[PDB]
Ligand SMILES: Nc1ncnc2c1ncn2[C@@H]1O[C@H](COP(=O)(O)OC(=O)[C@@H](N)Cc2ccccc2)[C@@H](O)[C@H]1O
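Starting off, we have a lone chain in the form solved without the ligand, written out as structure tokens.
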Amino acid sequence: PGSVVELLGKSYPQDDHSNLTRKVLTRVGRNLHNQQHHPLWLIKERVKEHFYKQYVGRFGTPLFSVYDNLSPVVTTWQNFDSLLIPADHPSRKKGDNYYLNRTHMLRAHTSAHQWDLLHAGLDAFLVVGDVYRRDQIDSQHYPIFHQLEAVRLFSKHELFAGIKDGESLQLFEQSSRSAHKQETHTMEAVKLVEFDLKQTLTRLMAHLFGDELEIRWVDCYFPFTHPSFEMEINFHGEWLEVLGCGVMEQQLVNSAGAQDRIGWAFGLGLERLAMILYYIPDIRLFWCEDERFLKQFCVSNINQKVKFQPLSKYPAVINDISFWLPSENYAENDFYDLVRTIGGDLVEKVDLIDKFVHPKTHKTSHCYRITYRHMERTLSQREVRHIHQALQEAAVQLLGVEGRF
């Protein structure tokens, strides 16, 4: 912890919100999504190719400009306010974000760029980048992952171009908001935008996974879209959400300068997609540099089909860690950072298997079961003991927790 943070050549004074970790910092700028041949870059190029094809292939398809090198450091206004996220919304919890301070943060999603790009006059674009969130620790969650945003605007004439008396139809009106549309949108408009959205995503998935993937649309919520959806893909007997989307909140589109227009947007988890497309077991493999893994994504063209062969799964070592939280001063996702710092990518997952308050003291006890597993080799009991003991001492010094063990 400190007084000034220096990130990407810029300086940020620290305050009550500051909670960025040196570990996260060592990863900012990495840009896996722009790394030639990396599984993520691969998915990026394939999505890009699809959009390009569609532009040249169909007259109605617009040209999508692509931005994959925007700095992840944004203002809380870009990441939250511009997307209409309430001041008291849980997604703002310091516990789930990496804030430099009260006004700047590492983006939690690529949607943080929607407003500025809209304000710049663009009608169709894609933003691809690393995003950051403080989350639990397991093979499916990492503090850093990547997303690809897409925004598509429609003018009234463009939307109803294929309808006989379409110029008589409108985009806007003043009714009420319902489960199916916004208060200022016509059902006519929404039905067409929604259909375009789903057809676009469905075709993209078809291009990425082939005609023989099981997908389902699920209704959800986002403060920046409505109606909103999550597309899920059934993989290994299990419906997994791979993207979020919907019809852009008109207030957002209006404040950016495009009253005129109505649009849709979506944000899809490149990791999630990659893990499904190539089986990848574990999110941590995206960050290793074991050429048993990377060498498998060295294709002649992004069209050559990678036939990923999962590495061996080495034995894990499991150790529990208990302690006392301080006096009303502690967060779960905190200890999770001490863990990422000390155990790094050696930790496969952390589980809070138990927690209780002592009557006398008033002083809550936490017991975490940490699974230590190397993605590249067999960890010995010895080295794990050393990492586990360092985590133990660190907890006691830098989480005011008491050595209960």
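Start at 1 with the first residue shown and count on from there.
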{"query": "Which of 250-258 and 319-327 has higher mean CA B factor, as the PDB entry lists it", "finding": "319-327"}
{"query": "Mean C-alpha B-factor comparison - 108-116 and 156-164, higher one", "finding": "156-164"}
{"query": "Residue with maximal Cα B-factor (values as given in the PDB entry) among 371, 65, 364, 31", "finding": "364"}
{"query": "Which of 76, 97, 101, 301 ranks first by CA B-factor in the deposited coordinates", "finding": "301"}
{"query": "Chain-relative CA temperature factor third for residue 142", "finding": "middle"}
{"query": "Residue 263, C-alpha B-factor rank within chain (lowest, middle or highest third)", "finding": "lowest"}
{"query": "Chain third (lowest, middle, highest) by recorded CA B-factor, residue given as residue 216", "finding": "lowest"}
{"query": "Residue 297 - Cα temperature factor, lowest/middle/highest third of chain", "finding": "highest"}
{"query": "Where the record places residue 176 (Cα B-factor, split into thirds across the chain)", "finding": "highest"}
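We do not show the form solved in complex with the ligand, though everything after this point is about it.
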| query | finding |
| --- | --- |
| Pose source in the deposited complex; superposed partner the ligand; site open or blocked by backbone or C-beta within 2.4 Å | open |
| Region of this chain that lies against the ligand in the deposited complex, out of 98-106, 296-304, 321-329, 219-227 [heavy atom, 4.5 Å] | 219-227 |
| All of 111, 145 and 266 within 4.5 Å of the ligand in the deposited complex, heavy atom check | yes |
| Heavy atom within 4.5 Å of the ligand in the deposited complex - residue from 202, 234, 175, 140 | 140 |
| Interface residue in the deposited complex among 149, 130, 282, 194, criterion: non-hydrogen atom within 4.5 angstroms of the ligand | 149 |
| Heavy atom of residue 245 within 4.5 Å of the ligand in the deposited complex | yes |
| Distance check, residue 241 to the ligand in the deposited complex, heavy atom within 4.5 Å | yes |
| Residue 156 within 4.5 Å of the ligand in the deposited complex, heavy atoms | no |
| Proximity of residue 92 to the ligand in the deposited complex, heavy atoms at 4.5 Å | no |
